[PDB]
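The structure appears right after this line, and notes come after that.
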């Protein structure tokens, strides 16, 4: 019904933003996977075996039956902590992109609303045009029958009347397409939308350029993601270096087994070596490692990290200059919109004066009714142009708010106060 | 040189589809790779060693030589089966992409075929306009040199003539570029192509929108691939829980090793402990292992998989909305084409009257040849626009049917009745 | 100050090209880590272990300690050589993309340079139009005050004045944005730039298309990329087949150990078997293996590699076709530009004549000052067209040289000879 309600529904219905939220959640979950290797480990290895001697070594047999648990726990390894830092950076990146997605959704909802309104206005204008052209065709046909013109004039009138029929059909197709494209965002059919009230339309002047640029350089999203990217590149440089550092880990276990034997040929001159025995082992101990002369395996891995970091630093500079140009362009666009609005208001007044003149002439009997209809068509065209300009101005203010990096739902709340009168999308 | 003969060769010459076929064949053959690990594996293990004890074990020399074979057969580990399921689903996705590429090939070939003929028509119009503009220049120059006209008029006529010459050059270049575009798809240069048979054109009517929507939901390619992706995500979730499952393997090995003992200490009072032996080994056994805690890593992979699944579901919903809006748009486009065809038909009906009236006046002597030529140019304009409208209608029919996903080559009678005598592509 | 200087500054100040260089450096450095697995891989170890396993031996204490080195050196394996070759091919690919980035930088700088002059021309002519329309409004308002026209005609003049005001504002904003976009390439603000020298402009004729095609086949960067990628696919096919051949390795080690026990019960009539030891060993040996049966792993890789090879061949064919098409399209754009230049020259001459006629008529009193202002505006616009045409010709020559694959600073130098007139980028 209103813009606020439409956005409220689209917020909790839209699938793209929900995909962004799901991706953020799955990314925050990778932190747990990062820490897991640090914590202890536990396993089991029970098994069995059967040997056999041959090639003059027959008559000797054995039976293995093992079962043991194992605990492993690392006590010093800096590589693992690098992973946790990197995962935290990834979580930050995901949050930033989620914010960008929300802002994009706000922009798209506003754009769809205003597109629907513009379609309504254009449809009305084309209907008026069709009426005028039909009236003109009737006059020309009536004159030809009377005997004042030739067949070619009637043919031209019919062509002009046929063209407007195609334009009228196209307008309805555009309106239906706009309604469906709004449903694609919101997910619902909206018979009516609130219309702009001209009594309280705002044309406030914007702030200086340098202030806007300075504020944007603080809480913008693209450059924030660039900064986080450079930080994770540095964290990636740290990770590479720790490949040539020693580490320690602890190992523990316990197990039992039975190792009885059997056989006839085994008997004889055993010498106590062929006796059944049961045994267990409970080894526990630490370990250490340290690499040397690896052919610069990790040494050359470090140089790759530094080049990547300088590339990230270059991308950040590119992002900075891009933000500069974008904000400047948005500001100039706002100014152009103001000027265009003024021009269109003047045009509307001129058309109104012409229509009044044409109507008075007809009332006194100096003009036909085709002139009245043509004047009406011109006035409706001017009204459509003015409405389009107003909608573009509102969209541009929202766009500069987005470029600044400070777009929310409370900002859009104010715009709702400019929309008062309901209008049907497909009136009967 | 009709569409069918051009498309038959395009089918077996187009590298865009051939790459898709190669990708599908790579995807399919890859399954046999994933079934390899389950089967048994054999290998050889010969090697050599040499040792020299020190510290307590001084003066002890030894040398060893061994060689054996190994064979491991996985008894129960579903991890490998889930790989097969995932890979077959990947093959399905690839086949869907192949179907999409085939439809794309068909549509692109048809579009290029019509573009060539459109270029030819506009070229003919430009030639007529050039002739008319030249006859105007001659008229003005003769007048000026006899009087009746200032020089500025001569220069204006010269300017118009130069402009039409530039347009003619542009049209020739466009005609060559479109042919080059027709050689880039099919792979052959076509000097002559068939054209539309105007006397047998069909302005058919489309089916209701709801029936198209149902057919699309049932048999559309994009949403089918999306459903395959959703099933793949579920299978991946099933694969995540596979971690907790225990695994066991059956391994058997055999080999020989003949080791001899020597040394001053060994000789003398050996006591049978240091005597040489020539026994073999035929070890056969099993193995079983299962994780107990693992620090909750799998309990995190399970949640990552669930988040991925919900993201895939959101993607599928988005694709559904997209297909709905696309089918609606295509239907509206067909209707718009019908209306435009009617409008242009009336427009050409009208222009014929004026060129007919200009000719009679010259026959009696009320007009000049310049009027006749200008009328001819206008009618040529009415002729080039109508042909463009017809070609657009045909392409839009193909587009709606492609949105339905139901066209590969059943456009046999669709265009066969629409062909006519050959028309050259690059006349000289 | 001028084109050559701007390019010189951008050659080293442009971040995109520097990122490309960083990528090239990363690719070349990668060769080092492919070499590394050939050299010896020395290492160090050390681990204590306490054990009291007592399935049958209760009260036995046996600590353990060890510390040893390691060395490994591969003898025969073609898994590493293939990696070296493939990394070299990747480096070549990176070099080619770097060269492409160079050419892109030159093109972007030239386009950004010419857009500023276009903006200057547009601004001047828009200001002239504003002056003319203001004089028209003054005349109309005076006439209405005198009592010769109706109020309706005043509104039209006011509307036109507002429209021209808006157009002028848009022109100024476009000039500002074009200045900013050139700073996004070089990082500097240019108060003034050099303009074209009209009396020193050349109109050459392009070389025959066959020679251009031959040169493109010789030295087109994208085709070089395609051929290198295909070679990289063939070498990968060779790599896959090499998973069959056997492998040979050499290892060596040396270390110590204590394995000291304790306990009163152990001491006494132990038979010397349970006494503490301080043994040491320096074992060294080789290790060989040759696979026999691996399943479809060996078989499937080769078929997949061949499929990838045919895919690469298809991609190369696409590259060839695209190159030919682009060469012809640029070659034709050149001639189109020549023709447009001729047409706009004629238009300028015609406008000059009209202006002179108007001026003489006003000198003798047959015309109002308003008429003169309009002719000046028409002439001024005619120089907007002719200026924007020559810049298009230069840009098109630069593009065709780029497609030929021979675009260097030497080529860009030839343009600057025609730019020998400074002009401000911000009038008043």
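Note that chain C is numbered according to Swiss-Prot, with residues 23-450 shown in order.
Determined via electron microscopy, 3.6 Å.
Just so it is clear, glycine is given a Cβ too, placed from its N, Cα and C backbone atoms.
Annotation comment: Swiss-Prot describes C:272-287 as compositional bias 'Polar residues'. Look at Swiss-Prot and you will find C:270-298 tagged as region 'Disordered'. What Swiss-Prot records for C:231-446 is repeat '2'. Marked as topological domain 'Periplasmic' by Swiss-Prot: C:23-62. The topological domain 'Extracellular' annotation in Swiss-Prot covers C:75-82, C:280-300. Per Swiss-Prot, the feature transmembrane segment maps to C:63-74, C:83-96, C:269-279, C:301-311.
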Contact set, same chain, for the transmembrane segment (C:269-279): CB under 8 Å, 6 or more residues outside the stretch: 67, 86-99, 101, 299-312
Proximity verdict for the transmembrane segment (C:83-96) and the transmembrane segment (C:63-74), three or more C-beta pairs under 8 Å: yes
For the topological domain 'Extracellular' (C:75-82), sequence-distant contacts whose Cβ falls under 8 Å of one of its Cβ atoms, 6 or more beyond its ends: 283, 285, 287-288
Secondary structure tally of the compositional bias 'Polar residues' (C:272-287) (DSSP, helix then strand then coil): 0 helix, 10 strand, 6 coil
Positions on the same chain near the topological domain 'Periplasmic' (C:23-62), where near means CB under 8 A and six or more residues out: 93-96, 102, 105-106, 109-110, 112-113, 115-117, 119-120, 123-124, 126-128, 131-132, 135, 204, 207-210, 212, 214-216, 431, 434-435, 437-438, 441, 444
